[PDB]
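Visitor: Take this structure first; my questions come after.
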Amino acid sequence: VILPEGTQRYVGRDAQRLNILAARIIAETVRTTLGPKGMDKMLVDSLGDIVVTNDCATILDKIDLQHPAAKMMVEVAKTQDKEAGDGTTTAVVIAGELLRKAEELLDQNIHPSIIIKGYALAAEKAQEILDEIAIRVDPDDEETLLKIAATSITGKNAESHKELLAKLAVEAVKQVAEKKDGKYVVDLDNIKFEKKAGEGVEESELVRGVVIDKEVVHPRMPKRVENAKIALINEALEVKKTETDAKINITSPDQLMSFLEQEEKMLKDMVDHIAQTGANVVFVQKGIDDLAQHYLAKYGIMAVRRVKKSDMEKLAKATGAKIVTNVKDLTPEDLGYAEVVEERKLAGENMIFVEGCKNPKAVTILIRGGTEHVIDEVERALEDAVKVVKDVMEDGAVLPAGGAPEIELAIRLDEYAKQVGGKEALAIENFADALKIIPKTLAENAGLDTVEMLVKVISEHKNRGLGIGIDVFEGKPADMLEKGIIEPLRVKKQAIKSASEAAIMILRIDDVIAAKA
Amino acid sequence: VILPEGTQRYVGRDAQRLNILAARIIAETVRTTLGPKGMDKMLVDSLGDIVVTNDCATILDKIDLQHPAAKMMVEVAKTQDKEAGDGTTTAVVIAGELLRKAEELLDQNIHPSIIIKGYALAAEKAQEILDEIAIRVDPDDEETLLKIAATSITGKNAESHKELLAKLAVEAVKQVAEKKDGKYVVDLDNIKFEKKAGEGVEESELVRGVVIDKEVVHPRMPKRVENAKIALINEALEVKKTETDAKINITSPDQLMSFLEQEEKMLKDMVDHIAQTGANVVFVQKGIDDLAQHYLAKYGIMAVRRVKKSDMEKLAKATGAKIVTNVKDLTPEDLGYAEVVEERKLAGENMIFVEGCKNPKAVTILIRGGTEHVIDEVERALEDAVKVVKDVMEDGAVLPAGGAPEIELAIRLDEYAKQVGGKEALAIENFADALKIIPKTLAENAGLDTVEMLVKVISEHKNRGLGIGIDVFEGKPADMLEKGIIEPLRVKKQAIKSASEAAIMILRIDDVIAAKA
Amino acid sequence: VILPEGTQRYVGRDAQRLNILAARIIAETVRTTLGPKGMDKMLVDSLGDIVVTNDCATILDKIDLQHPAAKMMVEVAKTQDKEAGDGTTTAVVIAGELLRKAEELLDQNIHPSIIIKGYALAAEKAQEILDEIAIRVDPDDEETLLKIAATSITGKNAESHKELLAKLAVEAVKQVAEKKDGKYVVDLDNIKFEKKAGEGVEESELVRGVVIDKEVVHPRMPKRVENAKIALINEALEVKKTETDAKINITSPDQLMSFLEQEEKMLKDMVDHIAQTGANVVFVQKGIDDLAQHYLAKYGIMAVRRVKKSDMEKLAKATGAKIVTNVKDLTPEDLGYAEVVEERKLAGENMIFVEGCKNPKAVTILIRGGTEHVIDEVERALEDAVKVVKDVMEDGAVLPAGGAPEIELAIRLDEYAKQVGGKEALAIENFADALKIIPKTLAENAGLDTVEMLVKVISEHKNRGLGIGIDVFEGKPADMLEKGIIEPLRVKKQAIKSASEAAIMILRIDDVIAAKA
Ligand SMILES: Nc1ncnc2c1ncn2[C@@H]1O[C@H](COP(=O)(O)OP(=O)(O)O)[C@@H](O)[C@H]1O
Ligand SMILES: Nc1ncnc2c1ncn2[C@@H]1O[C@H](COP(=O)(O)OP(=O)(O)O)[C@@H](O)[C@H]1O
Ligand SMILES: Nc1ncnc2c1ncn2[C@@H]1O[C@H](COP(=O)(O)OP(=O)(O)O)[C@@H](O)[C@H]1O
Ligand SMILES: [Mg+2]
Ligand SMILES: [Mg+2]
Ligand SMILES: [Mg+2]
């Protein structure tokens with residue numbers, strides 16, 4: 001035939017109209033969760049699985065989106081989460097608004113070309129205004145580093161212990177953080193999270209070491225070692241075989257024995273190699289024969305087998321040990337140190353705690369809570385908390401929260417509009433207005449009076465200054481800086497990038513061709 | 001088309017309304033089993049299996065719940081059972097009730113935000129008041145521990161012998177109970193239950209050792225050993241083979257014989273290493289060749305094979321014996337002591353009793369009973385019995401029963417309401433009123449006049465003091481302390497935690513998105 | 001019967017009329033993307049996968065065309081992309097327009113023969129006019145080469161950084177460029193693109209070397225070499241085996257050790273051959289045994305395994321190293337140089353950067369961007385920018401853009417129409433009119449007044465000259481030469497070639513016989 005049936009297509013009005021609608025729908029689905037007073041969502045997976053969260057990234061991800069334009073909104077939160085960690089709801093909400101105000105300009109008959117260009121100018125000029133209004137802080141000033149982390153957690157379910165969790169996140173990042181060129185550089189892969197049900201979120205702690213979900217491989221091995229000299233062996237403590245096909249031909253009785261003894265020997269020799277270094281704790285990545293388990297036990301050496309490769313590396317960065325491929329070449333300089341390596345039964349499960357490490361380059365945060373749900377959400381809260389701390393340490397700049405920056409951008413980006421003038425100025429002014437859904441939906445989710453409230457905020461801000469935003473807890477405008485309610489300068493800069501590009505990318509699609517599914 | 005067809009979604013009122021309804025429905029399904037006079041449910045699964053219990057946890061679990069919000073109730077009972085072991089029905093009922101009174105506040109148009117904050121202040125203040133009014137008892141007062149256990153057994157079917165069971169339970173937990181740092185620590189995993197049909201629940205006893213469902217592996221071995229020196233071998237008593245592939249090449253007739261003999265020897269040598277330690281009782285985790293069996297029999301040693309790893313660990317803890325991987329290194333110091341080790345044919349089934357151990361660190365409770373159901377339910381009773389005894393030894397605090405803690409919580413929490421004031425006060429007052437479903441549904445299941453009866457109890461309590469609660473056996477208020485009817489301070493502190501958490505979790509969800517169920 | 005059932009057929013009018021319709025349809029589909037102001041399309045394939053692009057080649061290829069004649073319009077962009085690399089839209093648009101004005105002549109009863117012939121003449125004469133009017137430039141003029149590239153990128157998405165991309169594109173081709181026979185010859189296979197999400201498009205860069213998506217094979221190997229002496233081994237660094245079937249037969253215990261040691265040596269000997277050359281970095285196409293890795297690690301050599309054949313060759317060309325099949329013959333002369341070979345983590349991804357090379361005959365462009373889409377589209381832009389800069393260096397002849405060349409071919413080709421006269425004159429006249437969709441649909445996509453604009457231009461061009469065309473950013477005619485807005489003389493020559501070729505191909509089909517479509 002001509003073009004496959006059960007294949008739809010839209011152009012101009014249609015195309016853009018549908019795309020903007022789908023985009024806006026998704027955006028409004030999450031805006032109900034923006035801020036400290038935002039709500040939660042219960043996502044019921046087809047397999048019966050239940051996820052209750054405040055996280056935009058998680059929601060957009062779990063929800064099965066069909067419309068293409070809506071899936072693109074997932075990329076917004078996806079990029080925001082991977083660049084600033086926090087503000088995923090914000091980026092998607094602003095992208096939807098930008099598209100709503102944009103369609104308005106389309107209805108007015110303004111060429112997409114003009115809207116796009118005016119949006120780009122507004123987007124580019126916002127980065128500029130933010131880089132400018134940003135409050136340059138001291139990279140490790142623990143004071144504000146504690147605020148950033150806290151402000152972040154106060155936006156989710158777990159704000160109940162914003163105090164503790166903030167502290168654990170600033171402490172965790174400060175430890176693994178690296179600086180050898182002048183500024184910091186944080187590899188968050190160096191902060192493992194351990195979630196165990198039971199207890200309260202109160203019992204959550206920072207383990208300047210590592211936690212592994214394995215047991216001590218032999219009954220007779222120490223279930224605890226004091227000042228451990230740790231060995232990370234990535235070789236199988238078992239009877240090696242030749243790459244070349246080989247088989248034994250027993251020809252006389254005495255051989256059954258001689259051979260077995262020959263292997264015990266090989267086995268024991270490997271173990272001996274490990275002991276001679278003075279190592280009392282060994283984490284093996286591959287397997288461990290039974291005899292080798294026995295010899296290791298007799299030397300009073302604690303051994304764990306089948307360790308995840310990801311675990312081995314965490315152990316390496318935490319204890320200072322060096323992973324080794326050949327036991328024969330293992331030396332004491334390869335061994336790492338842990339103030340205590342013990343096997344504890346946490347919530348019925350046995351785990352190995354490698355704590356009290358020297359100056360760990362990798363750390364673990366043990367999360368405790370009543371239910372699976374409480375745990376999962378706290379991990380989420382923390383990941384954002386950690387990610388914002390990472391931003392402030394690398395950037396060294398912060399901003400007030402509660403829509404204070406978008407209000408600055410609105411008020412200001414409208415002047416830029418005048419200067420630009422023309423059709424573009426229309427897009428620029430609309431862009432500046434779209435930016436108000438943050439202060440707006442913040443006061444809305446809080447039960448406040450959207451209309452009236454949004455008037456006081458722009459009032460104060462115009463008077464008092466850059467620090468004026470809305471405090472959902474106060475129910476009125478306030479100086480966010482004096483209240484220590486702040487956020488990373490990177491989180492805002494990135495929301496604007498993510499949203500404006502998602503907006504412009506849609507304002508550019510004049511034809512949609514979807515086949516049959 | 002944002003979502004796939006066949007996907008349902010609800011928002012605002014709908015969401016909450018349905019969640020609360022599904023929660024309340026499940027709650028009312030179990031409330032009929034609350035207290036001593038509670039009723040039992042019969043659960044028939046698709047496979048035809050029939051379960052008859054009073055236990056909330058089993059019911060919420062066996063029943064196939066589908067609505068999401070209703071499953072989040074299963075979690076409440078799960079957390080409760082994993083923390084205080086008892087009060088599962090109580091936590092679930094107070095959750096459904098907390099939500100019902102919560103919706104009433106929603107109907108009045110009170111922002112969910114307000115209800116959540118007020119419910120949190122109520123839950124927080126409730127803990128505080130419980131910590132206070134808590135009757136601090138002596139961590140090992142045989143007296144109150146015998147009570148806590150009995151008050152518990154009386155709530156279920158098994159109260160006919162609340163006498164025996166409560167004794168077996170306090171006795172059993174005291175034996176395995178471990179302390180050496182000041183306070184007790186109980187690992188209930190060191191208490192195994194053994195259920196056997198026949199006889200009367202009366203024949204249930206505490207074996208200060210371990211019962212194993214295996215038989216003496218050889219005909220000619222001893223079926224009974226006085227003062228046994230016990231060996232725990234976790235190695236196979238069979239012809240070892242090399243890791244490296246190998247095969248025998250018989251070249252001459254005289255080889256057939258000599259090779260077999262060479263294996264008999266290997267076998268006998270292993271048996272010899274065991275006999276030379278003095279051990280007359282061997283429990284092997286793996287298998288035992290037929291010859292190793294024969295040699296073991298000649299030395300008059302009693303052996304059992306294929307012993308469960310969980311069993312080995314118990315015999316190890318119960319007899320002081322150490323588990324060995326190599327028979328070559330078994331010393332007499334690895335052996336353990338059991339006053340008597342005998343194979344008894346308990347109800348047509350052969351089993352092995354290791355009794356009269358020195359000081360057990362693990363102990364078994366043998367359960368007898370007419371039917372399979374009698375047995376199962378008694379075990380369930382015992383489990384909550386052992387779990388509450390564990391609570392007091394670790395906590396050292398108790399409270400009166402019959403909803404007396406809640407009546408006190410109600411009266412007191414309400415005052416708190418006044419001082420807090422505002423809309424929160426409406427939430428607090430309601431939270432407090434919700435707690436009354438315990439006394440309420442206790443009198444109800446009993447068959448008493450709820451309305452009237454609940455007026456009396458709140459009266460007595462206001463006068464006579466914190467110990468006044470309802471006594472379903474008295475049909476009137478009573479001083480629960482003088483009656484000896486009490487429960488762990490943990491059970492109540494945990495009910496409030498669980499229920500209030502769940503109530504708030506659900507009160508936060510303003511959107512539900514589901515696929516296939 | 002005669003012909004298979006469900007087999008359609010068309011003749012004369014039908015056949016030709018349908019084919020021309022199908023062809024025109026596809027053409028009108030892509031024309032909305034032509035030029036700087038062209039719009040993008042959203043393509044959702046059967047598996048939900050989303051492709052958002054401006055590229056014609058991609059759109060015709062992703063869309064599932066069913067009609068035969070429309071599938072042939074794909075070959076047009078296919079051929080165009082393969083010979084000039086740019087103007088794929090231009091070629092398809094002109095080919096449909098050609099087929100339109102051609103049907104007019106068919107309706108007029110002019111025999112297909114006359115149209116084909118007059119079209120072939122209009123095409124032959126078209127090249128002639130181009131080769132002539134062509135603005136001959138210096139094969140390596142840095143100036144114009146930057147223009148040709150920036151002009152190409154402007155017509156797409158990433159024109160927001162036309163600046164940078166232009167630069168990288170010129171450098172990249174100059175480097176890999178080969179010219180010993182007088183003029184240049186560029187093998188674009190020597191330019192590899194590397195896409196990694198994250199950062200801005202600002203961070204995109206040129207890597208005078210290669211970038212490989214592999215990591216260092218052993219934990220103990222250097223993660224960075226300063227003045228690498230790279231070795232390229234296409235041999236498996238593992239225990240070799242005889243082609244003839246073989247198997248070791250162990251006949252005594254000492255053998256288990258002697259045989260493993262024999263293989264260790266073999267392995268160690270290969271690594272010795274690699275080290276004895278002074279090579280501190282080795283890339284191996286096949287695998288590397290575990291021991292071979294250990295020796296390699298001890299010697300302080302950085303090794304990578306399983307490297308792509310395509311990568312090996314890019315390294316050979318980037319470093320000057322020679323690939324080797326037998327380590328035994330590796331010499332220091334087979335090694336290459338790299339100012340730095342380091343393993344970096346880009347987007348949580350581990351990659352090896354062989355940068356700083358001497359005179360790389362192969363080079364890599366690293367593409368950075370917010371979303372997956374941003375990147376894929378920037379790569380597309382670069383492939384065109386690089387393919388056009390390739391044409392200019394090999395051809396050394398540019399042209400003005402903005403339809404300037406087509407307007408010139410139109411005016412001119414009409415004269416030719418006169419002198420040829422007769423029926424063919426009508427075909428040559430219509431062919432020259434067809435070439436106007438370019439200036440037409442450029443002004444249209446821009447949102448200008450087609451009719452009116454197309455007149456100011458045919459005018460200005462007539463009075464000012466060859467360099468007059470439409471400037472979509474200017475919204476009016478302009479001298480494309482003064483604006484630097486130009487394109488390869490090859491792009492235009494191949495467009496005409498491709499279009500007319502196709503148009504005539506369809507005009508010659510008077511019967512279509514299909515089985516199922
Ligand atoms: N105390 C506060 N009062 C009002 N708004 C706040 C307060 N704290 C944080 N916010 C705002 O709430 C938003 C973050 O809400 P959240 O639910 O976490 O979504 P997101 O994914 O965008 O971080 C930010 O705009 C932030 O400024
Ligand atoms: N003799 C009694 N008189 C009145 N109430 C009692 C008595 N014994 C126990 N209760 C109450 O019954 C409740 C426990 O009932 P039960 O069916 O076992 O459910 P749960 O899972 O909550 O333990 C507790 O609130 C407790 O105070
Ligand atoms: N600044 C400009 N103003 C008007 N037309 C331009 C400009 N730059 C390039 N063009 C034209 O746009 C066309 C290329 O647009 P493009 O979208 O890349 O499609 P194609 O596949 O034909 O390259 C060419 O005809 C070219 O002359
Ligand atoms: Mg957040
Ligand atoms: Mg009970
Ligand atoms: Mg182009």
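Ordering of the structure tokens sets the chain letters (A, B, ...), residue numbers begin anew at 1 in every chain, and ligands are numbered from 1 in the order given.
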Find the residues around residue 302 in chain C up to 7 Å (only C-alpha atoms counted), leave out those fewer than 6 positions away in its own chain, and share them as a list in words.

Guide: residues 216, 221, 222, 280, 281 and 282 of chain C

Visitor: Could you write out that same residue set with C-alpha atoms as an mmCIF file, in the first residue's frame?

Guide:
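File produced: result.cif:
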data_model
loop_
_atom_site.group_PDB
_atom_site.id
_atom_site.type_symbol
_atom_site.label_atom_id
_atom_site.label_comp_id
_atom_site.auth_asym_id
_atom_site.auth_seq_id
_atom_site.Cartn_x
_atom_site.Cartn_y
_atom_site.Cartn_z
ATOM 1 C CA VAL C 216 41.910 -0.960 32.083
ATOM 2 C CA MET C 221 47.520 -1.386 36.233
ATOM 3 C CA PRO C 222 48.231 2.338 35.723
ATOM 4 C CA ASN C 280 53.829 0.800 28.614
ATOM 5 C CA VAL C 281 50.362 0.560 27.012
ATOM 6 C CA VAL C 282 48.845 -2.406 25.180
#

Visitor: Which residues are near ligand 2 - at most 8 Å, using only C-alpha atoms and all ligand atoms? Format: as a ChimeraX atom specification.

Guide: /B:33-38,54-57,86-91,151-156,400-404,438-439,442-443,469-474,485-487

Visitor: Dump N, CA, C and O atoms for the selected residues as a short mmCIF file (atom, residue, chain, number, x, y, z; two decimals), in the first residue's frame?

Guide:
data_model
loop_
_atom_site.label_atom_id
_atom_site.label_comp_id
_atom_site.auth_asym_id
_atom_site.auth_seq_id
_atom_site.Cartn_x
_atom_site.Cartn_y
_atom_site.Cartn_z
N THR B 33 -11.88 -9.90 66.08
CA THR B 33 -11.05 -10.91 66.75
C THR B 33 -10.26 -10.31 67.91
O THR B 33 -9.42 -10.99 68.52
N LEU B 34 -10.54 -9.04 68.20
CA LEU B 34 -9.84 -8.33 69.27
C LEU B 34 -10.24 -8.78 70.66
O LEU B 34 -11.42 -8.99 70.94
N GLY B 35 -9.24 -8.94 71.52
CA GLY B 35 -9.48 -9.35 72.89
C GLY B 35 -9.68 -10.84 73.08
O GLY B 35 -9.66 -11.62 72.13
N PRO B 36 -9.89 -11.24 74.34
CA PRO B 36 -10.11 -12.63 74.77
C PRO B 36 -11.35 -13.25 74.18
O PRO B 36 -11.38 -14.43 73.86
N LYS B 37 -12.40 -12.44 74.05
CA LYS B 37 -13.68 -12.90 73.52
C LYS B 37 -13.75 -12.82 72.00
O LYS B 37 -14.75 -13.20 71.41
N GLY B 38 -12.68 -12.34 71.38
CA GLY B 38 -12.66 -12.25 69.94
C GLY B 38 -13.06 -13.54 69.23
O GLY B 38 -13.01 -14.63 69.80
N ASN B 54 -7.02 -16.71 64.92
CA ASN B 54 -7.50 -15.49 65.58
C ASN B 54 -6.45 -14.42 65.31
O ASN B 54 -6.68 -13.23 65.55
N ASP B 55 -5.30 -14.87 64.83
CA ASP B 55 -4.17 -13.99 64.57
C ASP B 55 -4.32 -13.07 63.37
O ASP B 55 -4.48 -13.52 62.24
N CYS B 56 -4.26 -11.78 63.66
CA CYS B 56 -4.39 -10.74 62.65
C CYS B 56 -3.40 -10.92 61.53
O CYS B 56 -3.77 -10.97 60.36
N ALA B 57 -2.13 -11.01 61.90
CA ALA B 57 -1.06 -11.18 60.95
C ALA B 57 -1.30 -12.34 59.95
O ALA B 57 -1.11 -12.18 58.75
N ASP B 86 3.23 -8.62 69.52
CA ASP B 86 1.82 -8.70 69.84
C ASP B 86 1.13 -7.36 69.57
O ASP B 86 1.78 -6.33 69.43
N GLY B 87 -0.20 -7.41 69.51
CA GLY B 87 -0.99 -6.21 69.27
C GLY B 87 -1.17 -5.90 67.80
O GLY B 87 -1.36 -4.75 67.42
N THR B 88 -1.11 -6.94 66.97
CA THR B 88 -1.27 -6.74 65.54
C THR B 88 -2.69 -6.26 65.24
O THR B 88 -2.87 -5.27 64.53
N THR B 89 -3.69 -6.95 65.80
CA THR B 89 -5.09 -6.56 65.59
C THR B 89 -5.26 -5.13 66.10
O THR B 89 -5.89 -4.31 65.45
N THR B 90 -4.69 -4.82 67.26
CA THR B 90 -4.80 -3.48 67.83
C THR B 90 -4.27 -2.34 66.94
O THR B 90 -4.94 -1.33 66.77
N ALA B 91 -3.08 -2.51 66.37
CA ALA B 91 -2.48 -1.48 65.51
C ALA B 91 -3.27 -1.22 64.23
O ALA B 91 -3.38 -0.07 63.77
N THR B 151 -1.38 -13.09 79.85
CA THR B 151 -2.34 -12.09 79.40
C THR B 151 -2.37 -12.17 77.89
O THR B 151 -3.41 -11.97 77.26
N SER B 152 -1.21 -12.47 77.32
CA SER B 152 -1.07 -12.58 75.88
C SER B 152 -1.80 -13.80 75.32
O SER B 152 -2.59 -13.69 74.40
N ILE B 153 -1.52 -14.96 75.89
CA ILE B 153 -2.14 -16.20 75.46
C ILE B 153 -3.66 -16.10 75.55
O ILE B 153 -4.39 -16.77 74.82
N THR B 154 -4.12 -15.25 76.46
CA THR B 154 -5.55 -15.03 76.64
C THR B 154 -5.92 -13.86 75.71
O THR B 154 -5.83 -12.69 76.07
N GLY B 155 -6.31 -14.21 74.50
CA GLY B 155 -6.67 -13.22 73.52
C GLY B 155 -6.92 -14.11 72.34
O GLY B 155 -7.57 -13.75 71.35
N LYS B 156 -6.39 -15.33 72.50
CA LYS B 156 -6.51 -16.37 71.49
C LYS B 156 -7.24 -17.61 71.96
O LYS B 156 -7.68 -17.73 73.11
N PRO B 400 -1.14 -1.62 81.95
CA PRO B 400 -2.36 -2.40 82.20
C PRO B 400 -3.00 -2.73 80.85
O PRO B 400 -2.71 -2.06 79.86
N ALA B 401 -3.85 -3.75 80.79
CA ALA B 401 -4.50 -4.13 79.53
C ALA B 401 -5.93 -3.59 79.40
O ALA B 401 -6.26 -2.52 79.93
N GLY B 402 -6.79 -4.32 78.69
CA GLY B 402 -8.16 -3.90 78.51
C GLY B 402 -8.35 -2.45 78.07
O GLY B 402 -9.19 -1.73 78.60
N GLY B 403 -7.55 -2.00 77.10
CA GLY B 403 -7.68 -0.65 76.60
C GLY B 403 -7.45 0.46 77.61
O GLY B 403 -7.79 1.61 77.37
N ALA B 404 -6.86 0.12 78.75
CA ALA B 404 -6.59 1.12 79.78
C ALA B 404 -5.55 2.14 79.32
O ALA B 404 -5.63 3.32 79.66
N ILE B 438 -10.48 0.53 70.92
CA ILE B 438 -9.95 -0.64 71.60
C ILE B 438 -10.91 -1.04 72.72
O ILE B 438 -11.44 -2.16 72.71
N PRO B 439 -11.16 -0.14 73.69
CA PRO B 439 -12.08 -0.49 74.77
C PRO B 439 -13.42 -0.82 74.11
O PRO B 439 -14.05 -1.83 74.39
N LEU B 442 -13.66 -4.04 72.37
CA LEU B 442 -13.35 -5.12 73.30
C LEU B 442 -14.66 -5.48 73.99
O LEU B 442 -15.02 -6.66 74.08
N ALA B 443 -15.37 -4.47 74.46
CA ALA B 443 -16.65 -4.68 75.11
C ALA B 443 -17.62 -5.29 74.10
O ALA B 443 -18.39 -6.19 74.42
N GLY B 469 -9.44 -0.39 83.22
CA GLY B 469 -9.73 -0.81 81.87
C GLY B 469 -10.91 -1.77 81.92
O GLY B 469 -11.43 -2.03 83.00
N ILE B 470 -11.33 -2.28 80.77
CA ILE B 470 -12.45 -3.21 80.70
C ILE B 470 -11.93 -4.62 80.84
O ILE B 470 -10.86 -4.93 80.34
N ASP B 471 -12.69 -5.46 81.52
CA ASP B 471 -12.30 -6.85 81.69
C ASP B 471 -13.39 -7.68 81.06
O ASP B 471 -14.40 -7.96 81.68
N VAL B 472 -13.18 -8.07 79.81
CA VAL B 472 -14.16 -8.87 79.09
C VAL B 472 -14.67 -10.08 79.86
O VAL B 472 -15.68 -10.67 79.49
N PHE B 473 -13.96 -10.46 80.91
CA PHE B 473 -14.38 -11.60 81.70
C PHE B 473 -15.25 -11.15 82.85
O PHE B 473 -16.07 -11.91 83.35
N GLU B 474 -15.06 -9.91 83.26
CA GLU B 474 -15.82 -9.32 84.36
C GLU B 474 -17.08 -8.63 83.85
O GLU B 474 -18.07 -8.50 84.57
N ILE B 485 -3.61 -8.44 84.74
CA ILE B 485 -3.81 -8.43 83.28
C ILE B 485 -3.04 -7.26 82.69
O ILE B 485 -3.54 -6.13 82.67
N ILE B 486 -1.82 -7.53 82.22
CA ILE B 486 -0.99 -6.48 81.64
C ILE B 486 -0.30 -6.87 80.34
O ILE B 486 -0.30 -8.04 79.93
N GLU B 487 0.30 -5.87 79.71
CA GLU B 487 0.99 -6.05 78.44
C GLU B 487 2.24 -5.18 78.39
O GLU B 487 2.36 -4.20 79.13
#

Visitor: Which residues of chain C have any atom within 12 Å of an atom in chain B when counting only C-alpha atoms, and what is the closest pair of atoms for each, with the distance in Å to one decimal? Order the rows by chain and rising number and write it as a tab-separated table.

Guide:
residue	atom	partner	partner_atom	distance
C:248	CA	B:245	CA	11.2
C:249	CA	B:246	CA	9.5
C:250	CA	B:246	CA	8.6
C:251	CA	B:246	CA	10.0
C:252	CA	B:246	CA	11.5
C:253	CA	B:244	CA	11.0
C:255	CA	B:244	CA	11.6
C:256	CA	B:244	CA	8.6
C:257	CA	B:244	CA	11.7

Visitor: Generate a file of the selected residues that holds C-alpha atoms, formatted as a PDB file, in the first residue's frame.

Guide:
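To be explicit, this is the file written out as out09.pdb:
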ATOM      1  CA  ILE C 248      46.801 -33.919  29.024  1.00  0.00           C
ATOM      2  CA  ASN C 249      46.889 -37.200  30.973  1.00  0.00           C
ATOM      3  CA  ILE C 250      48.006 -36.733  34.546  1.00  0.00           C
ATOM      4  CA  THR C 251      49.781 -39.816  35.878  1.00  0.00           C
ATOM      5  CA  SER C 252      51.390 -38.594  39.101  1.00  0.00           C
ATOM      6  CA  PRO C 253      50.742 -35.756  41.618  1.00  0.00           C
ATOM      7  CA  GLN C 255      52.150 -33.203  37.343  1.00  0.00           C
ATOM      8  CA  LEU C 256      49.239 -31.100  38.562  1.00  0.00           C
ATOM      9  CA  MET C 257      51.767 -28.419  39.457  1.00  0.00           C
TER      10      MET C 257
END

Visitor: Where does DSSP see helix (DSSP H, G or I) in range 7-194 of chain C, if you list the residues as a VMD selection string?

Guide: chain C and resid 12 to 33 56 to 62 68 to 83 88 to 107 112 to 133 142 to 153 159 to 176 188 to 190

Visitor: Hey, what's within 10 Å of residue 293 in chain A if we count only C-alpha atoms and toss same-chain stuff fewer than 2 positions away? As a list in words, please?

Guide: residues 217, 218, 219, 220, 221, 237, 238, 267, 268, 271, 288, 289, 290, 291, 295, 296, 297, 298, 301, 302, 303, 304 and 305 of chain A; 325 of chain B

Visitor: Just asking: which residues within range 334-480 of chain B are strand (DSSP E) according to DSSP, as a PyMOL selection string?

Guide: chain B and resi 336-346+349-357+363-369+397-400+468-471+476-479

Visitor: Mind pulling up the distance from atom 7 (C, counted along the ligand's line) of ligand 3 to CA of residue 102 in chain A?

Guide: 25.8 Å

Visitor: Which of these, A:204, A:234, A:79, A:277, has the shortest distance to residue 165 in chain A once you count only C-alpha atoms?

Guide: A:204

Visitor: List as a list in words the protein and nucleic acid residues near residue 398 in chain C, meaning an atom at most 8 Å away when only C-alpha atoms are counted, but skip any in the same chain fewer than 3 places from it.

Guide: residues 134, 135, 136, 137, 392, 486, 487, 488, 489 and 490 of chain C

Visitor: Need the shell around range 420-424 of chain C: protein/DNA/RNA residues with any atom at most 7 Å away, counting only C-alpha atoms. Skip same-chain ones fewer than 6 positions apart. Format as a list in words?

Guide: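 So the residues in contact are residues 114, 115, 117 and 118 of chain C.
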
Visitor: Taking into account only C-alpha atoms and all ligand atoms, which residue in the set A:386, A:225, A:365, A:69 is nearest to ligand 4?

Guide: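 Checking each candidate against ligand 4, we get A:386 as the closest.
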
Visitor: Excluding same-chain residues fewer than 5 positions from residue 356 in chain C, what lies within 12 Å of it counting only C-alpha atoms, as a list in words?

Guide: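 Returned residues: residues 206, 207, 208, 209, 210, 211, 225, 226, 227, 228, 318, 319, 336, 337, 338, 339, 340, 341, 342, 363 and 364 of chain C.
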
Visitor: Determine the nearest neighbour of residue 345 in chain B from the options B:223, B:125, B:456, B:309, counting only C-alpha atoms.

Guide: B:223

Visitor: So that I can check the surroundings of residue 370 in chain C, please list as a PyMOL selection string every protein, DNA and RNA residue that reaches within 8 Å of it, counting only C-alpha atoms and ignoring chain neighbours fewer than 6 positions away.

Guide: (chain A and resi 79+498) or (chain C and resi 197-201)
